[PDB]
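# Examining the three-dimensional arrangement
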Amino acid sequence: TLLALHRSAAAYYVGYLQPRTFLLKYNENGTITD
Amino acid sequence: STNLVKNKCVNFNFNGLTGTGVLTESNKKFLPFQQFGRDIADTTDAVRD
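The paragraphs below set out a description of the structure included in this document. Here the numbering of residues is sequential along each chain, from 1 in written sequence order, and it may depart from the entry's numbering. Residues without coordinates do not appear. Following the order in which they are written, the chains are lettered starting with A and the ligands numbered starting with 1. The chains in this view make up only part of a larger assembly, and the values are for that part alone. As a rule here, side-chain values come from all non-hydrogen atoms in the structure, and water together with hydrogens is ignored.

Quick look at the overall build of chain B now. Here a strand is any run of E in DSSP of at least two residues, a helix any run of H or I of at least four, and the numbering for each starts at the N terminus. Within chain B, the regular secondary structure consists of zero helices and two strands. Each principal axis of the C-alpha atoms in chain B carries an extent, and together these give about 25 × 20 × 20 Å. Whether two residues are in contact is decided by their heavy atoms: any pair within 4.5 Å suffices. Put simply, 9% of the contacts in chain B that link residues at least 6 apart link residues at least 24 apart. Residue-level accessible areas treat just the shown protein chains as cover; the underlying method is Shrake-Rupley with a 1.4 Å probe. Of the roughly 4,600 Å² of accessible surface on chain B, 49% is carried by carbon and sulfur atoms. Across chain B, the mean location of the 6 positive side-chain charges is 5 Å away from that of the 5 negative side-chain charges. Charge counting treats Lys and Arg as positive and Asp and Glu as negative, with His and both chain ends excluded. In this description, the location of a charge corresponds to atom NZ of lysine, CZ of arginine, CG of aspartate or CD of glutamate.

The next point concerns the pairing of strand β1 (residues 10-14) of chain B. Strand pairing requires that DSSP identify at least two bridges connecting the strands. In the sheet, β1 of chain B pairs with strand β2 (residues 17-21) of chain B via five bridges, with the strands oriented antiparallel. Looking at β2 of chain B, one finds that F14 of chain B is bridged to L17 of chain B.

Residues and elements named next belong to chain B. One non-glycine residue, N15, adopts positive backbone phi at about 60 degrees. Summarising the element assignment, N15 is placed in the loop between β1 and β2. Here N15 falls in the exposed class, since its relative accessible area comes to 81%. With a 1.4 Å probe rolled over the protein chains alone, any residue whose accessible area is under 20% of its type maximum counts as buried; one over 50% counts as exposed, and the rest are partly exposed.

Residues and elements named next belong to chain B. On the secondary structure map, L17 appears in strand β2. We classify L17 as partly exposed; its relative accessible area is 26%. Separated by 24 residues in the primary sequence, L17 and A41 have C-alpha atoms spaced 16 Å apart. Excluding residues that lie within four positions of it along the chain, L17 makes contacts with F12 and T44.

What follows is the structure, encoded as structure tokens:
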């Protein structure tokens, strides 16, 4: 990861992805809601 | 290419996708990342030209 550390300590979350199956729901507008 | 006509039974070659039917104006909402549509079991239900 690259930071614009000003000359004078930042928070982020990283998780690792895994292969498996999912069930996804679409609404009226073609987008994911659950 | 040619000109497109709606609400008459025509045959169409939309970018290599060959099909038949009556085209009309759709109240659905394509997002800009979308390329075409289908609804159930690989039948193209809506297309953006």
